[PDB]
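A note on names: the letters A, B, ... follow the listed sequences, proteins ahead of strands, and every chain is numbered from 1.
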Amino acid sequence: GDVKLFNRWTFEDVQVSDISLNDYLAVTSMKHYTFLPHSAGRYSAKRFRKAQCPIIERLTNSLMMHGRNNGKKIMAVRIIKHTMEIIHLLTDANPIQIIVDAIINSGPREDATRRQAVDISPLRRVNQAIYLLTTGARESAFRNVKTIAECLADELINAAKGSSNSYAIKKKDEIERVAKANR
Amino acid sequence: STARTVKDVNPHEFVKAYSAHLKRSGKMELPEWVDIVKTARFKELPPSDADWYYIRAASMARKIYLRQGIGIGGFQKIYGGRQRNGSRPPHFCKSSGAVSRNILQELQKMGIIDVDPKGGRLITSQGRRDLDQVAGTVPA
Amino acid sequence: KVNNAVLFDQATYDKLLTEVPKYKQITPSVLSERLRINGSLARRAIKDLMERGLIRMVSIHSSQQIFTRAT
Amino acid sequence: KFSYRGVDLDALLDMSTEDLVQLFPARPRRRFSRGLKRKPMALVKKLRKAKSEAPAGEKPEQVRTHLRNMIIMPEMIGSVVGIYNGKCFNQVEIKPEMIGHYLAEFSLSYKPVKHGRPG
Amino acid sequence: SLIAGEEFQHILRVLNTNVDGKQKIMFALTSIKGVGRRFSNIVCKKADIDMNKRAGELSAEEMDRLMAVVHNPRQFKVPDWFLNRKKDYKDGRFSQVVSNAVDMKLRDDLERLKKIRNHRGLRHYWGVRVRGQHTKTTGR
Amino acid sequence: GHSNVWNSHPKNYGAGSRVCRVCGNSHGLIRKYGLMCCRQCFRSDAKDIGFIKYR
Amino acid sequence: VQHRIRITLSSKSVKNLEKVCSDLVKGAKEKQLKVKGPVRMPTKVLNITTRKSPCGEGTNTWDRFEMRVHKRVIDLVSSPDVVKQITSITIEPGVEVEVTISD
RNA sequence: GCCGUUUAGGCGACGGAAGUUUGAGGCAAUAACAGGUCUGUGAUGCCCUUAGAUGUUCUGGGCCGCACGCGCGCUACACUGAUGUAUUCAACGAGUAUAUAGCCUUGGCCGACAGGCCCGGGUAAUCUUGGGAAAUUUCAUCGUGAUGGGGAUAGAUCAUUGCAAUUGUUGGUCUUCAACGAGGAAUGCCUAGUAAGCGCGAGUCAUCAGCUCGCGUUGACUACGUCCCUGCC
Ligand SMILES: [K+]
Ligand SMILES: [K+]
Ligand SMILES: [K+]
Ligand SMILES: [Mg+2]
Ligand SMILES: [Mg+2]
Ligand SMILES: [Mg+2]
Ligand SMILES: [Mg+2]
Ligand SMILES: [Mg+2]
Ligand SMILES: [Mg+2]
Ligand SMILES: [Mg+2]
Ligand SMILES: [Mg+2]
Ligand SMILES: [Mg+2]
Ligand SMILES: [Mg+2]
Ligand SMILES: [Mg+2]
Ligand SMILES: [Zn+2]
């Protein structure tokens with residue numbers, strides 16, 4: 001327990017349930033434990049190197065949108081910290097487990113290309129989960145008194161439970177449905 | 001604890017403590033144009049803090065403590081920032097020179113900062129002592 | 001169209017002093033949405049409840065102020 | 001009763017030139033402070049002849065000039081100047097409300113556009 | 001925080017203008033034409049009016065002092081470079097034009113140029129731009 | 001007096017006062033470093049003047 | 001000897017300037033004069049960027065011309081006589097030698 | 001190590017500063033196009049004009065004109081923000097005829113600003129400049145309201161450049177406070193220190209940068225394929 005996120009949250013007790021989505025969320029291995037969701041890492045030179053990037057950092061990078069927020073990663077890390085504290089307040093559990101549960105219960109597993117229904121790979125699954133989570137939080141925050149950190153916390157908490165009150169889960173459902181209608 | 005100099009304390013707390021120190025000392029005479037002026041022309045409102053004069057005095061006192069030879073133009077550049085030009089791109093702008101000069105002269109009329117022959121302003125031994133003895137009171 | 005109030009009425013002050021300390025998370029946004037009050041009033045009410053000692057503070061920051069209940 | 005900063009027209013006529021600069025706006029003030037060139041004074045020296053040699057209480061004979069960048073003085077409230085606009089001299093009887101303005105501001109150098117075919 | 005007051009007025013009829021009582025007094029005074037944020041700030045400071053209050057929180061006397069300052073910024077020592085009518089054409093007096101007098105001064109200043117056939121007055125009369133901007137592609 | 005109305009406009013500044021030192025054209029003039037050549041003339045004599053293209 | 005001599009060398013080429021500098025510092029070290037140098041100043045990069053087209057047609061393509069000025073400073077302690085006796089060898093073209101006597 | 005005809009090569013891995021011929025440029029074949037340029041050239045054939053000139057110069061005006069259409073852009077529509085404090089990190093480059101002084105300006109004084117005055121430094125790793133850049137950071141205010149978002153338009157006024165500022169050169173001060181709440185059909189650029197954000201320098205230049213050519217700061221998402229479209233072979 002030497003490395004803790006923000007020196008306030010433990011990594012050892014994080015259980016990544018899905019065996020499929022296990023090598024594409026970098027939380028369990030000790031090599032993927034970091035103090036800060038900020039690395040300035042070169043996780044884009046190769047095709048499958050962003051999978052070995054810490055998952056909190058992958059969540060943080062999707063907050064640097066839109067263009068008005070591009071490159072502002074310290075503010076994104078601040079949002080992540082203030083979101084992880086609200087998560088611990090409203091769930092009394094480890095915020096990293098809530099985050100991995102939300103990313104697991106948000107990635108669509110089947111999609112319709114071309115309209116044949118195709119199955120999503122684990123990497124695109126986690127990418128879509130993160131994209132939907134941060135997109136829903138950002139759209140909740142836009143033109144709203146609620147802070148982006150509070151909207152992110154609410155979205156993550158509702159996605160961890162599996163409730164259809166989270167924009168990501170509603171959208172996952174639509175996506176997979178259109179791949180059931182067009183099977 | 002004590003034995004902490006200025007380069008040991010958080011600047012945000014040191015400036016707040018030294019502005020209170022200066023306001024308590026009662027050796028600062030404020031101009032008539034304290035509640036009117038803006039710190040710079042790119043500013044669109046006067047400072048919202050009533051004790052902004054003492055806060056800026058503490059800020060410049062600390063800056064003269066850490067560096068020697070700062071002139072009025074240098075302090076105009078230090079407290080200058082971004083100007084928004086309406087429909088035109090923003091650029092850098094400089095601060096007001098009257099405010100900097102008046103506060104520095106008020107700080108010369110306390111023996112905190114003198115003026116060096118080499119140009120600008122230096123910190124006096126009494127000013128160094130004052131800032132260092134206030135830095136020890138700053139809670140860590 | 002928000003109709004957030006800027007000054008409490010005595011009934012809303014009573015509800016702020018009784019029901020709000022029972023909230024788990026207490027931030028200006030939640031109080032503004034629930035009590036139908038302005039964000040300035042929310043921040044100032046949070047400061048007053050921190051003065052009467054009816055809440056704790058989990059994290060304070062310029063953008064986000066996070067408070068919780070002591071009980 | 002034309003005033004120009006609370007003064008009266010007669011007092012303005014009699015007022016010293018160094019004060020009259022201080023009643024004028026900043027652009028005329030800088031113009032006078034940098035010193036007027038020989039063509040500007042010469043035009044007023046011709047306008048005062050036109051005003052004096054005027055037969056009687058009729059308008060002074062038109063004095064044409066190319067001087068568009070000239071500050072209108074209170075001395076010239078009786079003058080009838082024709083300013084060249086590039087193509088012709090437009091006659092203007094200078095009025096006291098015109099004090100401080102340029103002569104160019106009273107001789108249009110283009111034609112007001114009235115649009116026709118969309119083309 | 002501060003709970004309320006039985007005297008709290010939601011709409012205050014001020015200088016033939018309606019001021020929202022649910023607004024901070026400084027930005028509430030910017031409802032009257034001729035008063036901007038900076039002149040309202042100066043008026044609030046010179047009238048000794050709390051800037052952390054709301055317009056409805058103030059009493060009758062406080063707005064009376066605000067109007068003493070607004071109708072005579074000079075007696076209250078507001079410098080002359082701070083006025084929207086500096087060195088009036090006819091009068092030559094510095095003054096702060098507020099309310100419908102701003103529109104009146106606009107109309108009179110335009111009529112002055114529309115009688116002397118000045119270029120800018122004719123531009124105003126033609127409904128075109130008066131500050132020397134290109135009119136081919138913008139302003140449509 | 002024709003000599004006081006011939007070339008009587010001031011040439012203290014303006015584009016119509018500086019000319020190419022190789023051709024006398026007043027357009028596209030590079031005043032940097034005191035070159036005083038036009039763009040086209042500098043592009044032609046640059047090798048002689050000593051400007052080498054590396055990037 | 002007595003006085004302090006600063007020889008400034010400038011050039012547009014590195015090899016000629018460096019071999020001239022080597023000749024100077026070799027001559028200085030043969031006559032047993034102490035030499036501080038060569039000291040290489042930051043290289044000046046004179047840059048001109050202009051549209052290659054002699055007109056205004058085509059892709060607006062830009063050629064970037066550069067002139068690189070290399071400055072070398074040699075600091076001896078000696079008398080003027082030995083200095084002009086040293087800086088009298090064949091200085092290669094393009095190299096601007098400049099001798100200045102200090103205290 | 002595996003794949004590959006076990007070749008030529010590819011993928012992965014250790015090590016390594018670097019493994020994507022390391023990144024980015026410069027240069028860049030044959031053959032063309034009635035491509036642009038006679039308004040760069042004291043490069044030019046021919047034709048026209050040549051003293052009441054299509055020469056030259058001076059004055060003034062125009063190139064800016066405004067029912068409208070199109071292209072490149074800048075500023076936004078906000079709280080992942082605006083405003084006011086506090087705070088502290090670049091790089092590329094540029095700079096004088098010293099005449100009282102010319103360019104870059106330090107320091108002192110006056111001035112709310114704008115600016116002015118007075119001593120000086122620097123032809124420059126020496127002085128401007130350790131380039132005291134912003135975004136960012138911190139605290140506070142605002143509180144979802146076209147609102148403290150936005151700043152178009154407009155009035156008054158003061159300064160500076162200039163021989164001259166009106167058809168506002170520009171910079172200030174107070175005031176005025178429009179559309180715009182994310183943009184239809186379309187369509188552009190982009191695969192890593194990249195896009196995007198942020199500012200700086202240079203060229204133009206007496207003054208004027210919403211433009212270009214460079215610079216650094218902050219710094220992602222997505223893909224590691226295909227011929228579906230577009231084009232080329
Ligand atoms: K040609
Ligand atoms: K020809
Ligand atoms: K040319
Ligand atoms: Mg929000
Ligand atoms: Mg100065
Ligand atoms: Mg911007
Ligand atoms: Mg052709
Ligand atoms: Mg044009
Ligand atoms: Mg700020
Ligand atoms: Mg508004
Ligand atoms: Mg604004
Ligand atoms: Mg121009
Ligand atoms: Mg420029
Ligand atoms: Mg295309
Ligand atoms: Zn040429």
Side-chain angles (χ1 to χ4, degrees), chain A residues 42 44-45 47 61-64 67-75 79 141 143-145 147-148, chain B residues 11-12 15 33 36-38 41 44-45 47-49 52 55 59 71 73-74 77-78 82 86-89 92 96 98 119-120, chain C residues 2 4 32 38-40 62, chain D residues 25-27 37 66 68-69 84-87 102 104-105 109-110 113 115 118, chain E residues 27 33-34 36-39 79 81-87 102 105-106 109 119-120 128 130-132 134-136 140, chain F residues 5-10 12-13 20 22-23 25 27-28 32 38-41 53-55, chain G residues 41-42 49 54-55 57-58 62:
Chain A
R42 302 184 58 171
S44 75
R47 178 184 185 197
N61 289 335
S62 276
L63 281 157
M64 290 189 291
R68 74 153 160 187
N69 312 309
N70 279 190
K72 304 180 170 179
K73 195 176 182 169
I74 281 173
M75 155 165 116
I79 295 158
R143 302 192 67 193
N144 185 11
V145 180
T147 290
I148 183 71
Chain B
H12 301 299
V15 164
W33 40 265
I36 320 316
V37 300
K38 286 177 319 185
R41 62 169 195 263
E44 49 245 59
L45 259 196
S48 77
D49 208 338
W52 74 265
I55 302 162
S59 178
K77 260 189 244 302
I78 287 170
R82 227 185 46 175
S87 287
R88 286 161 85 250
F92 180 80
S96 164
Chain C
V2 129
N4 292 346
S32 179
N38 262 343
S40 34
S62 39
Chain D
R27 185 97 257 160
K37 299 296 183 181
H66 279 193
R68 301 173 60 80
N69 61 12
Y84 189 70
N85 49 271
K87 191 192 183 65
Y102 290 89
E105 314 179 29
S109 158
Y110 62 90
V113 167
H115 268 308
Chain E
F27 298 87
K33 209 167 173 153
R37 289 167 214 173
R38 184 123 159 69
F39 185 73
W81 58 261
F82 208 90
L83 300 194
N84 54 356
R85 198 138 264 278
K86 283 182 268 284
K87 185 195 190 184
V102 190
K105 289 309 183 71
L106 200 278
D109 284 359
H119 191 246
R120 195 232 287 180
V128 279
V130 317
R131 295 187 173 210
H134 298 189
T135 59
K136 181 208 271 213
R140 303 188 190 183
Chain F
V5 298
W6 184 272
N7 273 220
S8 64
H9 180 72
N12 322 296
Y13 58 73
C20 175
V22 179
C23 77
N25 165 253
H27 299 102
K32 199 179 191 184
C38 73
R39 46 184 210 72
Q40 285 104 341
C41 283
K53 253 158 64 93
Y54 318 88
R55 262 187 325 118
Chain G
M41 284 309 126
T49 313
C55 55
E57 179 277 320
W62 298 82

Any N or O donor-acceptor pair linking the side chain of [X] to the base of [N] at under 3.5 Å?
X: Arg131(E); N: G168(H); result: yes
X: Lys86(E); N: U173(H); result: yes
X: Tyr110(D); N: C66(H); result: no
X: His115(D); N: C66(H); result: yes
X: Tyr13(F); N: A164(H); result: yes
X: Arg47(A); N: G225(H); result: no

For [X], which contact category applies under a 4.0 Å heavy-atom criterion: base, sugar-phosphate, or nothing?
X: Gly86(B); result: sugar-phosphate
X: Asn38(C); result: sugar-phosphate
X: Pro79(E); result: nothing
X: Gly132(E); result: sugar-phosphate
X: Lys105(E); result: nothing
X: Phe82(E); result: sugar-phosphate
X: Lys53(F); result: sugar-phosphate
X: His119(E); result: base
X: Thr135(E); result: base
X: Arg140(E); result: base
X: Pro89(B); result: sugar-phosphate
X: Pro54(G); result: base
X: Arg41(B); result: sugar-phosphate
X: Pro118(D); result: base

Roughly how many Å is it from [atom1] in [X] to [atom2] in [N], rounded to a whole number?
X: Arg88(B); N: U75(H); atom1: CZ; atom2: P; value: 11 Å
X: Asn25(F); N: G40(H); atom1: CG; atom2: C1'; value: 5 Å
X: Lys73(A); N: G219(H); atom1: NZ; atom2: P; value: 7 Å
X: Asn70(A); N: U217(H); atom1: CG; atom2: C1'; value: 15 Å
X: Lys72(A); N: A134(H); atom1: NZ; atom2: P; value: 15 Å
X: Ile78(B); N: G130(H); atom1: CD1; atom2: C1'; value: 13 Å
X: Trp6(F); N: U59(H); atom1: CH2; atom2: P; value: 12 Å
X: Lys87(D); N: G65(H); atom1: NZ; atom2: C1'; value: 16 Å

Adjacent-base stacking, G16(H)/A17(H), criteria 5.5 angstrom and 30 degrees: no

Rounded P spacing from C208(H) to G172(H) in Å: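 So the two P atoms sit 11 Å from each other.
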
From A164(H), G62(H), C213(H), nucleotide with atom closest to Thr49(G) side chain: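 For the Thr49(G) side chain, the nearest candidate turns out to be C213(H).
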
Identify all pairs in which a protein N or O lies below 3.5 Å from an N or O of nucleotides 182-184 of chain H, and state each distance.
none

For nucleotides 13-20 of chain H, list the nitrogen or oxygen atoms of the protein found under 3.5 Å from its nitrogen or oxygen atoms, one pair per line.
| residue | atom | partner | partner atom | Å |
| --- | --- | --- | --- | --- |
| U20(H) | OP1 | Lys46(A) | NZ | 2.8 |

Nucleic acid footprint by protein, nucleotides 91-96 of chain H - heavy-atom cut-off 4.0 Å, B for base, S for sugar-phosphate alone: --SSS-

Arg120(E) vs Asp109(E), salt bridge (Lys or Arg N to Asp or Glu O under 4.0 Å): CA-CA, chis, key distance, verdict: CA-CA 11 Å; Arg120(E) 195 232 287 180; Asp109(E) 284 359; over 6 Å; no

Contacts of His27(F) that satisfy side chain to side chain donor-acceptor pair (under 3.5 Å) - sequence neighbours left out: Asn25(F)

Pairs under 3.5 angstrom, nitrogen or oxygen only, protein versus nucleotides 32-35 of chain H, please.
| residue | atom | partner | partner atom | Å |
| --- | --- | --- | --- | --- |
| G35(H) | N2 | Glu57(G) | OE1 | 2.6 |

Position toward the 5' end of RNA chain H (nearest nucleotide), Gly73(B) or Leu106(E):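 Closest to the 5' end, via its nearest nucleotide, is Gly73(B).
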
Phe27(E) vs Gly120(B), nearer the 5' end of RNA chain H by closest nucleotide: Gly120(B)

Partner set under ring-ring contact (aromatic ring centres under 6.0 Å, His included) for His9(F), not counting sequence neighbours: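 Result, ring-ring contact (aromatic ring centres under 6.0 Å, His included) vs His9(F): none returned.
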
